[PDB]
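Worksheet for the structure shown next.
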Amino acid sequence: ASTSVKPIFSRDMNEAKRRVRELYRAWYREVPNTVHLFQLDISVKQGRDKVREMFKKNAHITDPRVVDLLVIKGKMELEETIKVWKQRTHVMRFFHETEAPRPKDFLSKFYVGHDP
Amino acid sequence: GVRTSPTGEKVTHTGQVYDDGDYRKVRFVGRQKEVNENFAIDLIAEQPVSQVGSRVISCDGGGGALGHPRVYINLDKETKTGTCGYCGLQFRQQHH
Amino acid sequence: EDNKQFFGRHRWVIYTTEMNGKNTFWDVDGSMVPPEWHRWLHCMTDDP
Amino acid sequence: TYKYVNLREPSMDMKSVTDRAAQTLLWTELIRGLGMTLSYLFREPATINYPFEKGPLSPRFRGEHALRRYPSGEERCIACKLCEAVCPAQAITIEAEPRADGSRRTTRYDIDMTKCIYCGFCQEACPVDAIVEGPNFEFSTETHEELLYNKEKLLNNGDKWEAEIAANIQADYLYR
Amino acid sequence: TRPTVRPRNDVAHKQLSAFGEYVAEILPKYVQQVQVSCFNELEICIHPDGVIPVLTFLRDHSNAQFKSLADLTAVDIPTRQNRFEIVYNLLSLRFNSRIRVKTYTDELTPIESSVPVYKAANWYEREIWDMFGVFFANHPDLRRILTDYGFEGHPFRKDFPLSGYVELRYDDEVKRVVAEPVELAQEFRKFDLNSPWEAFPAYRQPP
Amino acid sequence: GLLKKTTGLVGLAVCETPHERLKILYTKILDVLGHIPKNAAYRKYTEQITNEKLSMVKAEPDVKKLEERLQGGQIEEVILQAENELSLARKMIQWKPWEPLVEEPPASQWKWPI
Amino acid sequence: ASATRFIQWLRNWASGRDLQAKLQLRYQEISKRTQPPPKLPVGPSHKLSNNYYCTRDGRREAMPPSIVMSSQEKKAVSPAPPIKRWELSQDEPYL
Amino acid sequence: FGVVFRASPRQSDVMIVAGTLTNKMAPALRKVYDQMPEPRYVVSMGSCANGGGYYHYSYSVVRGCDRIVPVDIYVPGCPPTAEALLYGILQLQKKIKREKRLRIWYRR
Amino acid sequence: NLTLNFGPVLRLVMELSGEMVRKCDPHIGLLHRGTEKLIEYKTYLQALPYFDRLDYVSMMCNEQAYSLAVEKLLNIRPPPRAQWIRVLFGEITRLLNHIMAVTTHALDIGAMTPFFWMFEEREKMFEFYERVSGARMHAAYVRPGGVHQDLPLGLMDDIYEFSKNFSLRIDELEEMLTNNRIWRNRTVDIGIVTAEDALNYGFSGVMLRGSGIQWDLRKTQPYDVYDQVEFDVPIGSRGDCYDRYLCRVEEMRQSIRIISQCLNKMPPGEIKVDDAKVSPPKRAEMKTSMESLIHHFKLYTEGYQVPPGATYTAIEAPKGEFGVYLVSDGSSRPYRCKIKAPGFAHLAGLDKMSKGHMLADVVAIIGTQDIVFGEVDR
Amino acid sequence: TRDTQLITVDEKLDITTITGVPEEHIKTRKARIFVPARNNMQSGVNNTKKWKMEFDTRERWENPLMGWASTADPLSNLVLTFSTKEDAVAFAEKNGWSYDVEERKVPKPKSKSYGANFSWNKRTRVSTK
Amino acid sequence: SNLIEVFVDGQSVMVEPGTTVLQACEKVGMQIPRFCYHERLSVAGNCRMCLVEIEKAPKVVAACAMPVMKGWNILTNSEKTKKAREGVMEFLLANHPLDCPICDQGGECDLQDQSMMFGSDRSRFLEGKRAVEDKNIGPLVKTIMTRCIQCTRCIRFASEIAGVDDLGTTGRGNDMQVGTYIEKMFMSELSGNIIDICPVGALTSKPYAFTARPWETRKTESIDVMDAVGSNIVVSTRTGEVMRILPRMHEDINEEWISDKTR
Ligand code: SF4
Ligand code: SF4
Ligand code: SF4
Ligand code: SF4
Ligand code: SF4
Ligand code: FES
Ligand SMILES: [K+]
Ligand SMILES: [Zn+2]
């Protein structure tokens with residue numbers, strides 16, 4: 001029917017969620033090695049917080065196929081970090097250290113510009 | 001026809017000049033403001049009006065293929081000269 | 001000019017030692033050639 | 001049709017095998033290479049004495065953009081924006097209005113010479129030979145802002161290079 | 001003759017038409033449409049399930065021997081529900097002919113990797129993944145090939161902005177190259193060039 | 001004729017018994033085609049071309065003359081293609097292309113321009 | 001060209017070839033840099049009659065692709081006849 | 001002129017950025033610059049390195065190498081002729097000739 | 001094993017086992033500029049200069065590939081003189097690329113002197129480009145419909161004078177490389193490709209002819225006036241770097257052979273299609289005729305509309321089969337322009353060709369593939 | 001009759017997390033799905049055939065150095081073409097953009113008659129021709 | 001129930017009696033070329049650019065004014081129809097001035113576009129062109145009347161839509177001129193609309209003169225607030241500046257017109 005579609009890897013959320021945890025464990029265990037090889041100025045705890053935050057923003061997904069892609073992309077990101085294909089600049093682009101915070105309240109937006 | 005503003009900055013042929021309180025004048029400190037000295041509006045006024053003996057004259061700017069597209073100018077109106085739309089040259093009809 | 005030299009070395013300019021109030025005895029620049037001679041010096045024409 | 005580059009069988013007769021033995025032991029073919037570079041030592045070098053000598057160019061050479069005038073001093077540009085619409089690098093910015101005497105002229109004509117790809121399409125598209133690429137190729141600057149030309153810089157180039165632009169156009173206008 | 005018009009080759013149009021029916025008869029399970037353009041180029045439009053069967057037949061069959069994969073690319077048409085069109089350009093040195101094979105997929109449906117058939121598809125599929133976001137199943141090594149490490153988005157999608165979302169810059173405070181939201185000193189000037197008058201009546205679509 | 005020294009193609013070795021190699025391969029292709037339904041187009045077309053090539057092998061002893069008859073380049077290139085045809089026919093049995101179309105496209109999938 | 005006869009012999013012998021016949025430096029055998037003005041020809045469509053554009057319009061003779069098959073006994077065929085075998089060069093078959 | 005054809009980065013005095021600087025290549029170029037012993041100069045050659053040129057509006061092009069490293073001479077062209085680049089090297093030599101490192105030190 | 005990240009525009013991530021190469025993984029994209037996405041925002045004439053800058057050693061052979069594709073969709077035919085100019089400068093360009101390929105390859109493995117001898121010849125061939133277009137490299141001279149301008153008087157005599165002496169220049173290059181045992185040691189039996197692997201890995205050009213495959217698009221699928229010239233296709237026998245080096249050096253000799261015939265058989269006529277809805281009119285008639293000015297105005301603002309369709313047009317560029325898959329939607333801007341760079345498939349096979357070789361052989365293998373990263377990355 | 005094993009997925013298609021778009025440009029934007037109005041300067045109707053999707057205009061300011069128009073909006077130049085209204089809404093919904101759909105405006109069929117220019121009694125008679 | 005059957009290139013289309021050949025071709029998506037016909041003005045039939053071949057009929061018929069008959073087959077793309085369009089285009093451009101680069105209509109001119117699509121690609125006119133004196137009809141509409149192709153749209157719009165019978169044709173033959181004869185200003189609350197209907201650069205917006213080209217403007221569809229009608233407009237902007245205001249078709253509010261204040 002219309003709702004019948006090929007799976008990427010997972011046939012339902014339960015199988016997809018397994019791959020999410022397997023990815024989280026791989027990421028969780030590479031922050032100390034990443035913070036060491038790249039000689040980052042951040043701590044391991046805040047490096048693991050960023051991993052947690054990335055896994056949290058897209059936590060409302062219910063389509064098994066979308067989850068597979070998010071894990072496929074997540075593994076590609078992990079492979080680049082482990083292989084040291086990335087450099088110190090690429091690892092630190094998750095932290096946005098150079099752009100001032102954009103205020104989220106209505107009044108603060110109203111003073112600075114026309115954007116909502 | 002370069003005029004100078006009260007502060008001293010040259011006015012360009014487009015009429016551009018920074019006001020007195022404009023901070024952008026700081027780019028010319030230690031440097032200069034490049035202003036072309038030959039104002040086109042003034043040089044095309046110096047050209048004499050051409051007296052032709054027909055109602056319609058054609059201008060191609062001079063030089064044949066090196067000029068501008070050839071256009072025909074109507075000279076029936078005796079209260080003004082017929083100006084070429086591309087090059088500004090003026091024409092008049094002899095005693096009519 | 002020396003037309004017995006091979007193409008490229010058959011024309012050259014010895015720059016002035018003073019141009020527009022600047023001492024160019026040792027400091028010479030390729031942009032000091034005026035446009036009329038620029039054409040002849042770069043072989044865009046045969047007529048100086 | 002085709003040919004084989006490396007499909008020859010070396011002779012095995014005793015003379016040929018000894019000719020190859022002499023080449024290996026006595027380095028004969030390595031000594032031809034020495035002869036070919038000793039030849040070049042006694043050839044006149046191809047170097048020219050820049051900046052006193054210049055590399056040859058042609059009237060079509062595409063160099064620094066410039067804005068031209070009619071023989072009367074009037075600008076040739078009538079703010080049509082065909083050059084702006086064809087610039088592949090979108091390096092031309094034009095604004096226009098009715099001049100004080102009613103003429104159709106630009107109030108802005110900028111070329112970002114760091115966006116320009118020096119392709120000459122603008123001078124192809126101009127119906128009045130206003131914007132051209134002159135013969136100049138020595139205008140390197142020490143700051144990025146000196147390469148953002150406005151209408152004054154381009155008009156100054158035209159007055160500065162008209163004597164040479166006009167003769168280059170006269171030499172090549174019959175091919176275009 | 002007519003000096004300014006491209007001469008037709010009706011012999012090559014006939015031959016490619018016959019071979020198109022040949023392929024449509026031998027693989028009815030996948031072939032969905034066969035067409036020959038006015039300049040004699042054969043296109044076989046297939047179901048995505050037939051990527052390996054159809055390509056293998058064209059590579060190995062004695063009357064096809066399409067042993068070169070000239071190119072493999074994708075085209076993004078957002079108006080279709082299967083927005084991506086996967087295109088295979090094959091060459092046959094035996095019969096001195098070319099054939100084009102087309103299929104389709106969407107942002108989520110995998111396509112089968114044709115690496116087992118043509119080894120040349122290894123990098124072409126990575127470029128399709130990198131630039132369009134089409135996932136190829138059973139690819140030996142699938143990852144970005146052209147985009148910067150950690151690049152977000154797929155640039156060749158029709159909805160991806162031309163200048164992207166981030167630009168790089170060296171920050172002296174942190175002593176490294178950083179990425180920030182893109183701000184252009186001069187915005188790209190969008191020209192609307194289309195003429196309001198129909199150019200080619202032969203391609204008019206029904207009302 | 002005297003056996004050639006090389007086929008000219010790197011990695012393609014010279015075959016010393018081309019006729020016997022082609023008879024086996026062609027006869028083996030026909031045997032595999034017997035497992036395909038009679039109405040399948042792949043059966044009808046592959047048997048037709050295979051028989052023509054097999055007829056030429058049995059009808060011409062000279063290798064150079066056989067190569068011109070078959071129009072497949074060096075005889076070693078004909079043998080390699082017969083090996084590719086044989087591996088293709090085996091795989092078609094698993095694919096079963098002769099079946100009806102798996103699915104239809106959406107209404108305007110192959111419409112150009114949009 | 002300004003080299004003396006002696007150095008000419010030395011360069012020639014070391015190379016093994018007569019270099020003075022083919023010098024890599026261009027002397028006065030190249031075209032003059034000021035040429036006479038041209039007068040280029042016109043194309044086949046420069047006519048005053050019998051030149052309607054509907055009879056020489058290539059773009060409007062393009063047609064949409066022919067649909068040989070769609071989803072909305074006989075002899076087997078190949079895309080084209082087998083490629084004819086190449087012939088060895090008569091100019092220099094073996095380098 | 002004394003300008004060797006190609007020196008190793010650790011023996012080099014001037015860096016010629018000749019071509020398009022993409023985002024993927026930007027950190028590599030900065031690292032080579034940071035490892036150049038001083039005095040060090042940068043020559044931006046062509047429109048791509050000057051301001052992005054033909055690819056100014058691309059998602060993967062640094063809009064001018066002068067966002068990554070400081071630039072001493074900009075050479076316009078696409079490409080600048082070999083003579084135009086040479087005119088830019090001779091302008092860098094004239095720029096070194098105008099330095100006053102010891103005068104500034106003396107008057108400090 | 002030892003992992004070396006040979007950073008830079010090529011980044012090789014090799015896995016060495018002693019002195020042998022166990023795995024070569026080219027990391028590319030250091031010159032990816034989004035050319036294909038930019039072309040979608042340009043008219044067809046505006047997208048032409050983008051093709052000079054893909055294989056920037058064979059500039060006027062890239063333009064011809066694009067022009068043949070747009071002409072195929074336009075259903076027009078460039079005039080006969082324009083096709084002889086396009087075949088004359090196609091072979092001058094092939095000399096430019098093969099000088100850059102052989103000599104840079106030689107310079108990489110130590111031989112630095114032939115680079116300077118032949119780059120004087122390149123300097124004289126850059127003058128032919130500058131006398132027809134005004135640019136030394138990125139001419140933008142070959143266009144859909146023909147060429148921009150006609151050859152200036154005196155050029156063909158200058159091409160003849162250059163072509164007389166060029167065989168002697170190749171003979172001097174061969175006195176340094178062909179028989180030199182050190183050069184043969186660096187190239188013979190290095191990077192061997194079997195004819196079947198070469199076809200399946202998408203190779204083209206001398207990457208096939210070096211392995212004995214008899215294929216050349218100039219003879220099997222001729223374009224322009226290549227069917228009216230006589231030349232030979234050099235074929236290798238071992239599939240190695242040395243045979244590929246001999247194919248390239250022999251192709252330069254055949255290019256001089258073709259240039260000799262273009263100069264003699266150059267016909268008269270116009271140099272762009274006499275159809276002012278595709279090719280702009282002469283400036284002389286753009287300034288006198290109303291129709292001409294209208295067509296000049298619209299060809300330089302909107303451009304010519306191309307009928308809807310899709311073509312894969314390919315040529316035998318010096319690097320190999322260069323083609324474009326060009327999709328038209330009926331408007332004046334391309335819908336899709338996929339570029340098939342021959343080096344993209346070649347460099348993908350570097351890993352296979354490097355198996356069982358030492359680290360210093362990887363430099364010779366990359367040279368024999370004739371890789372330019374303008375076309376690999378696009 | 002596909003051999004490939006399919007699965008059931010009953011949820012609205014949504015790809016916002018796998019497109020790489022910053023969250024600021026998915027939630028704050030306002031798509032507009034419309035058929036472009038005819039350019040009133042011309043009578044051609046060949047630009048009113050397809051549906052377009054464009055986004056809400058944002059700030060453009062004057063560049064201090066040259067007076068050029070600057071922008072910080074990555075979607076300012078983005079325009080998409082769709083065959084029908086439905087397949088344009090479908091694209092917006094899966095990308096997460098809020099949208100406004102404007103119904104196509106087709107010219108009303110007119111009753112035209114040349115003879116009415118010379119009417120005996122009615123007011124349609126023309127004074128000049 | 002009264003629909004008759006007519007064919008357009010063989011395709012059957014049912015049309016109410018009184019439908020013209022042009023209208024019947026618009027029911028199959030074909031737009032016949034036109035200069036003098038405007039669907040909101042009275043039919044004129046004097047540009048002859050709409051001539052189309054009726055199958056079996058020796059003479060081409062003005063599609064804008066010819067009521068279609070039962071069973072007619074309208075050959076909109078035959079050799080006879082295409083040769084009729086090139087002849088008429090050749091006559092329109094014979095005296096037209098080489099003004100495109102200085103003409104505000106360039107890039108959105110129906111004479112340009114239809115010349116590219118239906119006219120020839122070169123000229124055989126070897127004579128001198130006609131030049132025409134200019135008329136000052138107020139501060140809102142600039143008139144360069146050498147660009148006029150004598151289509152009479154302005155005359156009909158003023159007479160029928162605006163109710164001002166001040167425009168007309170004085171003279172005869174090739175010297176026929178459109179204007180007011182006397183020195184008079186066409187000052188009407190709907191006067192600015194003659195700029196739009198005029199297919200050429202003869203009538204242009206004087207405030208807008210020379211400021212922009214059509215291809216570089218961004219078009220925003222919004223509403224007018226100068227009055228309570230709610231006229232639909234398009235606001236043309238370039239580089240963040242407002243350049244001009246154009247009408248937008250709404251059949252129930254303003255058709256395709258706007259007032260001078262709105263414009
Ligand atoms: S030469 Fe090319 S890039 Fe430079 S301004 Fe002219 S059109 Fe633009
Ligand atoms: S320079 Fe030429 S093309 Fe550009 S706006 Fe001026 S007249 Fe038009
Ligand atoms: S030649 Fe032009 S396009 Fe190529 S790198 Fe240099 S500036 Fe960029
Ligand atoms: S009205 Fe049209 S054709 Fe006439 S000059 Fe103006 S733009 Fe050109
Ligand atoms: S001025 Fe314009 S609307 Fe009036 S008759 Fe002339 S072309 Fe037609
Ligand atoms: S539109 Fe019919 S004659 Fe003018
Ligand atoms: K108008
Ligand atoms: Zn004039």
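Here is the naming used below: chain letters follow the sequence lines, and residue numbers restart at 1 for every chain. The basis for the numbers below is simple: all heavy atoms, side chains too, and nothing from hydrogens, waters or symmetry mates.
Taking the six-membered ring where the residue is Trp, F132(E) and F84(E) present perpendicular rings, their angle passing 60° and hence far from 30°. Ring-plane geometry between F91(J) and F82(J) is classed as tilted, the angle between the planes lying from 30 to 60 degrees on a 0 to 90 degree scale.
The side-chain tip of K298(I) does not point at the ring of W197(E) from less than 6.0 angstrom away and within 45° of straight on. With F34(J) as the aromatic partner, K52(J) does not meet the cation-pi criteria of under 6.0 angstrom to the ring centre and within 45 degrees of the ring axis. Stacking of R157(E) on the aromatic ring of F160(E) is not recorded, the 6.0 Å distance cut-off and the 45° axial limit not both being met. No cation-pi contact links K37(I) to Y57(H), judged by a cut-off of 6.0 Å to the six-membered ring centre and 45° from its axis.
Of the candidates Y149(D), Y118(D), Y109(D), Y118(D) is the only one forming a ring-ring contact (aromatic ring centres under 6.0 Å, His included) with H65(D).
No hydrogens or angles considered: nothing links the side chains of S195(E) and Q305(I) as a donor-acceptor pair under 3.5 Å. For the residue pair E93(J) and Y99(J), a side-chain donor N or O sits within less than 3.5 Å of a side-chain acceptor on the partner.
Residues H114(A) and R58(J) have side chains not in contact (no heavy-atom distance under 4.5 Å, counting atoms from C-beta outward). Contact check for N46(J) versus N194(E): no side-chain heavy atoms found under the 4.5 Å cut-off. Here the side chains of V235(K) and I245(K) are in contact, with some heavy-atom distance below 4.5 Å.
The closest donor-acceptor contact from the side chain of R29(J) to the backbone of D56(J) lies under 3.5 Å. A donor-acceptor pair is defined here as one N or O able to donate and one able to accept, closer than 3.5 Å; no such pair exists between the side chain of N40(J) and the backbone of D196(K). A distance-only check finds no donor-acceptor pair linking the side chain of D110(D) to the backbone of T93(D) [under 3.5 Å]. Using modelled atom types, no side-chain atom of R32(J) and backbone atom of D100(J) make a donor-acceptor pair closer than 3.5 Å. No donor-acceptor distance shorter than 3.5 angstrom exists from the side chain of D148(E) to the backbone of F151(E), with no hydrogens or angles considered.
Salt bridge absent: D377(I) and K24(H) never bring a charged side-chain N and a carboxylate O closer than 4.0 Å. Ionic pairing of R213(K) and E84(D) is not present here: no N-O contact between side-chain nitrogen and carboxylate oxygen is shorter than 4.0 angstrom.
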